[PDB]
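A note on names: the letters A, B, ... follow the listed sequences, proteins ahead of strands, and every chain is numbered from 1.
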Amino acid sequence: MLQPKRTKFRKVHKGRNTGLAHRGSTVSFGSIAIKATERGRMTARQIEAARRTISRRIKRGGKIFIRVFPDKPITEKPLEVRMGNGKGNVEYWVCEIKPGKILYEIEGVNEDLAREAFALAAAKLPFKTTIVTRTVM
Amino acid sequence: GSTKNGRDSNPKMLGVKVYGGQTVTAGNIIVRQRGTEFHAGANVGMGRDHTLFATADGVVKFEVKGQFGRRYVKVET
Amino acid sequence: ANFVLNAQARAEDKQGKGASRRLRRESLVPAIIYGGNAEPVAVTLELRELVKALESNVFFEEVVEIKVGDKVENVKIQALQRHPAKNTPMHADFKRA
Amino acid sequence: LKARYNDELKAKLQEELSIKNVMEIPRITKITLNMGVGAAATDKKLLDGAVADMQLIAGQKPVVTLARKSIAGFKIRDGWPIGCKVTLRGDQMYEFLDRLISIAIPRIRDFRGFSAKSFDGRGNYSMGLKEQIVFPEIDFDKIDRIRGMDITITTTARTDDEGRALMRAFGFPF
Amino acid sequence: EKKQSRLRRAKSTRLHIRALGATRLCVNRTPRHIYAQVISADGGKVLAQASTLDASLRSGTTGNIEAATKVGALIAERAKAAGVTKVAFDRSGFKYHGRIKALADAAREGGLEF
RNA sequence: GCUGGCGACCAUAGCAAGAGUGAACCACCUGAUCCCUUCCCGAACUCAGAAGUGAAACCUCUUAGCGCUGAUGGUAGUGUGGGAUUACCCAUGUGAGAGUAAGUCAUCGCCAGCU
RNA sequence: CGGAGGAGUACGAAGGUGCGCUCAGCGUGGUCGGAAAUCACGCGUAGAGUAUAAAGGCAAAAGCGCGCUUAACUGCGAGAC
């Protein structure tokens, strides 16, 4: 479960998720990549589940590059509690996903196996996906 | 339980008081600043709290000058 | 020889965000040609032709001929902008060869 | 050395090293003798004895060296002296060198102990002399504990070979 | 470098004289020669100058207290000719001692008040 | 044409590499008598002259190796009116940052001296 | 009853003035002293420091040292926040 080793502040503001992903949309560490087409939030457990599925199905015949890291803490109030009395505690970490953001790259495996593994991985993600390949320009 | 936060200080109303192109009289305050964000040129004096004031009657002008590239405010008679 | 892209004239009224969006809706791609001995020239290309050319690998290395009316410009593809999600080409920069 | 240097040493050194300009002959600029009285806070008088003894050996009033910062491992902090130094230039350094080469070498237990290596590489030579004996002063009586010292000779030599040639011309044992 | 250190030392006095906006009396000293110059507040005009390179004092040593006094007298005379009465001395990073004190005293005797 | 000082701007002006000058100026260089100096040292500050040199340093010439400046076009954002609600579409006005082509070994005043 | 830290002091010098000096970090050799003790040279560069929390500042340094001193005065005060 990826989590930052250290942080300056324990709790962060909610914010808003807008715009497109002009950075991180280019395949740069491998041959074949899976890229999100809409926006949302990706959790650490979802990242781990997708990675485990991909690795199991490719049988560790190539290299997987993970290009999402959860660095935004999320807090929830415990339960049975009224409104007020300060902010809640951290329960899990997430990563913001914008359309065009690359999630996983695969290098060293054949296109059929990589695509089929990505198809398996897509069934666990909470947003739509697509498959891209390295290109010249 | 409770929260250990919940404190803040009163406002201090800092910033520029007279803008470029305006007319001033001797003694008018031009800049209220915590540090020397702006420096004094001709006919401008500096107070103990880094305030910049005009020592002559004229027109205020801002500029960028020097090797450091720091900003200056002056008064033209 | 290999690639002869047929381009039109893209003028001031056709430049700008609104004009560019209208052109892309009409399935045309704005492009710029900049090179020595002349000032830049703004043109418009056809999406199908650009997509067909982009598939070939030799398109990037070989010289290309861009035809606008009687004028012909020999250039090489210098840069391409792609939509982050849909991946459609949106703008092209050509350098005179 | 005094005059002998000015009259003939640069002459032969030029003839040997083949330097074009008469300003390129390496010259010995200064020599500084220094030593730190570690854990001076424990007693606080070894420093006072040391300044007296080193004033005896060298005829210049010294300056006591203060530290900056404080080290948790050691007992030292900024505000109190921890060492002492003196720098010699001109007549004082040249007579210091003459007395050194004259009497210090015979007194040292091991001859040729000094090494051609250990040069800083910029033309300056660092040497460490063990114990305050091997110098002209009173005997072990009336003098406090034995103390070592460091002597650094800073010259104008551009390269280690030039510095070594200068020492050889001077007459340093090794 | 010695020149850089001296310029750094003189910068504060030069800036203060600039702020006060008074006529400046600058002096430069070299092992062989001593020079003096009078400059306006704006800093773009030189009202008067004096040095040991002039014909009158060139034959002498030109690098001593007597030459400094002669230069001070000459610069004071030229200041009187130009009509400048009140000036601010600028030691230009040199210690106010020796030839420079001599030149300043010579100018004060000549009539410049500072 | 060359040198020194005082000013206007602070990299299109700087760093780095290579090269040159002392007839005059500049620097080093001699000595510690006198003035003066070292929390100890003429090492720096200061005084008297000039024995020698351009070694070091200052100054000047070339470049693009760095650094720096830097378009056009497009993209993001955004005021007003309309539509829609994962934060977008239309009309009109506005318009970056990054990146690309390209450029860059600055320039201007006052005073004194030398061939 | 949002997210994070400090205060209820200190200083006759840690005030004034004249003069003088720049930090910290690394690479090379040296004594019982080495990861880290004093000292010489060289490289890159402000990351040092500023009585105290943070922000805005700091080369004419607002950082550092020395000598002399009490403007840590009295009566006011154009004008402005």
Side-chain angles (χ1 to χ4, degrees), chain A residues 9 11 13 16-20 22 38-40 84-87, chain B residues 2-3 5-6 13 17 25-29 32-37 50-51 53 65-67 69, chain C residues 15 18 20 30-32 34-35 39-40 42 78-79 81 90-91 93 95, chain D residues 19-24 29-30 32 34-36 38 60-65 67 71 73-74 76 82-90 92 118-122 124-130 147-150 152 154, chain E residues 1-3 8-9 11-16 26 28 30 35 37 39 43-46 49 51 53 61 63-64 95 97-98:
Chain A
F9 299 104
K11 301 179 194 185
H13 283 165
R16 302 288 186 282
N17 188 10
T18 65
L20 295 181
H22 296 274
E38 32 170 25
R39 93 191 44 254
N85 293 334
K87 195 177 181 62
Chain B
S2 167
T3 156
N5 318 306
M13 290 60 93
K17 304 300 177 174
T25 70
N28 295 162
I29 291 172
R32 283 286 202 187
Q33 36 170 21
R34 190 56 64 224
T36 63
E37 274 137 293
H50 302 303
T51 293
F53 59 96
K65 216 166 69 186
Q67 348 166 226
Chain C
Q15 297 151 21
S20 313
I32 188 77
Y34 55 78
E39 316 89 86
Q78 178 71 327
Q81 295 181 1
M90 303 195 50
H91 186 276
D93 293 55
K95 187 166 164 265
Chain D
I19 52 62
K20 319 316 114 192
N21 258 301
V22 55
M23 236 78 69
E24 314 215 292
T29 66
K30 68 150 100 73
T32 189
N34 159 62
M35 76 144 254
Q60 286 193 13
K61 273 198 37 71
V63 59
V64 201
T65 304
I71 313 181
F74 299 107
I76 64 183
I82 75 84
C84 317
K85 64 134 82 153
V86 277
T87 175
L88 302 66
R89 319 201 218 201
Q92 202 75 1
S118 88
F119 261 76
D120 75 335
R122 325 284 330 179
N124 319 312
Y125 177 62
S126 72
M127 146 174 39
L129 163 147
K130 277 42 218 183
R147 230 159 306 97
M149 163 219 106
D150 180 6
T152 310
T154 308
Chain E
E1 184 185 341
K2 310 164 48 180
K3 173 154 189 183
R8 192 185 46 80
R9 288 200 298 279
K11 233 159 65 187
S12 195
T13 298
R14 291 201 164 91
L15 290 171
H16 193 52
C26 194
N28 181 12
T30 42
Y35 325 70
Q37 205 168 207
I39 326 180
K45 304 159 187 299
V46 165
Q49 62 80 46
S51 81
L53 296 197
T61 47
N64 65 352
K95 171 156 154 125
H97 179 227

Do any N or O atoms of the protein come closer than 3.5 Å to N or O atoms of nucleotides 17-19 of chain G, and which pairs are they?
from	atom 1	to	atom 2	distance (Å)
G:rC19	OP1	E:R91	NH2	3.0

Point to revise | Pairing residues for E:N28 by the side-chain hydrogen bond (donor to acceptor under 3.5 Å, both in side chains) criterion, not counting sequence neighbours | key: none
Revision key, fill the gap. Per-nucleotide protein contact along nucleotides 106-115 of chain F, 5' to 3', at a 4.0 Å heavy-atom cut-off (B base, S sugar-phosphate only, - neither), is ----SBSSS-
Check your understanding: Got a sec, which residues hit side chain to side chain contact (heavy atoms under 4.5 Å, CB included) with A:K11, two or more places apart in sequence or on another chain?
Key -> A:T75, A:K87, A:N89
Review point. With B:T25, which residues qualify under side chain to side chain contact (heavy atoms under 4.5 Å, CB included), at least two apart?
Key: B:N28, B:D57
Practice item. Not counting sequence neighbours, which residues clear side chain to side chain contact (heavy atoms under 4.5 Å, CB included) with A:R39? List them please. Key: A:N17, A:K98, A:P99
Could you list, one pair per line, each protein nitrogen or oxygen that sits under 3.5 Å from a nitrogen or oxygen of nucleotides 77-81 of chain G, together with the distance?
from	atom 1	to	atom 2	distance (Å)
G:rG79	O2'	B:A26	O	3.0
G:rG79	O2'	B:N28	ND2	2.9
G:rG79	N2	B:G27	O	3.2
G:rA80	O4'	B:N28	ND2	3.3
G:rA80	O2'	B:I29	N	3.0
G:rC81	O3'	B:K17	NZ	3.4

Exercise for review: For E:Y35, check ring-ring contact (aromatic ring centres under 6.0 Å, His included) against everything at least two apart and list the hits.
Suggested key: none
Check nucleotides 77-88 of chain F for protein N or O atoms closer than 3.5 Å to its own N or O atoms and list the pairs.
from	atom 1	to	atom 2	distance (Å)
F:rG77	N7	C:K17	NZ	3.2
F:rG77	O6	C:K17	NZ	3.1
F:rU78	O4	C:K17	NZ	3.4
F:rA87	OP2	A:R39	NE	2.7

Distances for protein N or O near nucleotides 51-53 of chain G N or O, under 3.5 Å:
none

Report all interatomic pairs (protein N or O, nucleotide N or O of nucleotides 27-30 of chain F) with separations under 3.5 Å.
from	atom 1	to	atom 2	distance (Å)
F:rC28	OP1	E:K2	NZ	2.7

Hey, what are the protein-to-nucleotides 25-28 of chain G N/O distances that come in under 3.5 Å?
from	atom 1	to	atom 2	distance (Å)
G:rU28	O2'	D:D120	O	2.6

Study note, to complete from the structure: Under a 3.5 Å limit on both distances, the Watson-Crick or wobble mate of F:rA64 is none
**Study point:** Side-chain N or O of E:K11 closer than 4.0 Å to phosphate OP1/OP2 of G:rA60
**Key:** yes
Exercise for review: Kindly say whether F:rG74 and F:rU107 qualify as a Watson-Crick or G-U pair under the rule that both distances are below 3.5 angstrom.
Suggested key: no
